[PDB]
Each structure stands twice: as structure tokens, then as C-alpha cells.
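A short reminder: the numbers here are calculations on the coordinates, not readings from a lab. A quick note on method: Cβ atoms are made from the backbone with ideal geometry, for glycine too, and the neighbour counts reach across all protein chains shown.
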DNA sequence: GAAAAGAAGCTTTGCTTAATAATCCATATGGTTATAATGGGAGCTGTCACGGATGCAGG
């Protein structure tokens, strides 16, 4: 899960901003009060510190009240589900028959 | 519960078309012409009433 996140980010993160990053990429332009709501274990300035890291890294930014990742963090998520497909859903990553097509 | 049937999701593929090599052609530029060749032309012609600025002149 966050193994693929922090591993896919080359360990630039910790688990707090990992699951917060799952929350931000999970619903587009959500409020940080919902982030603190689904993270009751973390403090208000702990969540705001982790958003200070993602803003500090420039991944998650605002749109007025908006909160969303950029495309590079999106590539980190898609690599995370890629390795999650390599190790957790192996037959989901498959391929069917391919047409040639035409023969002389 | 089977079985045709139609979509999701891959591919090709004949056609197009935009990028780019090739070529040719307008265009500029300059040169170069060795007998001699010596002051233009429409100007309107039938306003006109005022008016102010020159303009000239004698006391």
C-alpha cells in the first residue's frame, strides 16, 4: 500500500503524508478538514505539516480551497499501482491475443 | 442453465497531410550603350460684392 507509495516516491515521504496523499489523490479538490476528519490520529498542524511537505514538494497544491496532486505525483501513484499489480494482482496485469494482421 | 450477440479493447491500414528537399524564376542592380540631337504649356477669357492691404503721390 504505502510501501508502494513511499517506495515509488523514492522514500521522500513518510506514512502520514502517504495516506494523506492517498486521500488527496482519492477525491479531487477536497477540503483539508475532510483530510483531518479521515485522519483523527494526526494533529491539525500534523496534517498541515504533511500538506506543508506536499506543497513544499509542489505535488499537492491549492485551487482557491482546492487540494490536488500534479502529474508527477500522479506518475508516482500509477507506478505504485503498477508494482501493486506486479506483486498483488498478477493476473490482472495480463494481455490477450493480438492481430498480425494480413499475410501475403 | 444454455447460446447468440453485441460491446471493450487491442490491433492494422489505406488515405492524408504537413514537413522538407529541390528548382526555378522574379527581381534587383548595375553596367552600358560613344556621329549629332541645346529654353514648356495650358494658361480662361461670361461673376461678384465687399474689403482690407498695399501702393503711389503731393503738400
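When you scan the stretch A:58-67, do you find a residue that is surrounded by fewer than 12 Cβ atoms within 10 Å (Cβ to Cβ) and in a helix (DSSP H, G or I), even just one?
In the first step, residues of the stretch A:58-67 are kept if they are surrounded by fewer than 12 Cβ atoms within 10 Å (Cβ to Cβ); the result is A:58, A:63-65.
If we keep only those that are in a helix (DSSP H, G or I) too, we end up with none.
No: the stretch A:58-67 contains no residue that is surrounded by fewer than 12 Cβ atoms within 10 Å (Cβ to Cβ) and in a helix (DSSP H, G or I).
Identify, please: which residue in the stretch A:69-104 is assigned to a loop (DSSP other than H, G, I, E, B) and surrounded by 10 or more Cβ atoms within 10 Å (Cβ to Cβ) and is, among those, nearest to DNA strand B (Cβ to nearest atom)?
Top of the filtered list is A:93.
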Pairs with Cβ under 8 Å, 6+ apart, first in the stretch A:80-104 and farther than 17 Å from residue A:22 by Cβ, second more than 15 Å from DNA strand B (Cβ to nearest atom): A:93/A:86
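Can you name the helices (runs of 4 or more DSSP H) wholly within the stretch A:1-51 that have at least 3 residues being over 19 Å from residue A:74 (Cβ atoms) and more than 12 Å from the chain's Cα centre (by Cα)?
Numbers: elements: A:2-8, A:15-26, A:32-37.
By residue number, A:32-37.
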